[PDB]
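Asks: Build the 3D model from these lines:
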Amino acid sequence: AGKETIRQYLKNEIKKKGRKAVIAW
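Replies: Residues are numbered from 1 along each chain as shown. Have a look at this structure:
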């Protein structure tokens, strides 16, 4: 869980694909 909030949840294991969750959805 991202309770380690950096578990990789800070990256969603994707950075949502590169923080794309805005660097490009």
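Asks: before we move on, what SS does the most centrally placed residue in the chain have?
Replies: Central residue of the chain (Cα atoms, centre = their mean): residue 11, 2.1 Å from the mean position. Classification of residue 11 by DSSP: H, G, I helix; E, B strand; the rest coil places it in coil.
Asks: ok now do it, which residues does it touch?
Replies: With Cβ atoms under 8 Å, 6 or more residues apart in numbering as the criterion, no residue contacts residue 11. Bear in mind the C-beta positions are built from the backbone N, C-alpha and C, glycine included.
Asks: now the strands for the protein?
Replies: Ranges of strands in the chain, per DSSP state E: none exist.
Asks: could you pull out the helices for it?
Replies: Ranges of helices in the chain, per DSSP state H, are 15-18, 20-23.
Asks: any idea which of those helices is most buried?
Replies: Most buried of the helices of the chain, by mean neighbour count (mean count of other Cβ atoms under 10 Å): helix 15-18, with a mean of 13.
Asks: helices and strands around that one, which ones?
Replies: Contacts defined by 3 or more Cβ pairs under 8 Å, 6 or more residues apart in numbering; DSSP states H and E place helix 15-18 against helix 20-23.
Asks: can I get the CA coordinates of the helix it packs on in PDB?
Replies: Written as PDB, here are the backbone C-alpha positions of helix 20-23 (Å, rounded to 0.1, in the frame of the first residue of the first chain):
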ATOM      1  CA  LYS A  20       1.800  11.600 -17.100                       C
ATOM      2  CA  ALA A  21      -1.200  11.800 -15.100                       C
ATOM      3  CA  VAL A  22      -0.200  15.100 -16.500                       C
ATOM      4  CA  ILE A  23       3.100  14.800 -18.300                       C
END
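Asks: Show me what it is in contact with.
Replies: With contacts defined as Cβ under 8 Å, 6+ apart, helix 20-23 is touched by 12, 14, 15, 16, 17.
Asks: Serialize those residues to CSV and add fields for distance to residue 5.
Replies: Converted to CSV, those look like this (distance: Cβ to Cβ, whole Å):
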residue, distance to residue 5
12, 11
14, 15
15, 14
16, 15
17, 19
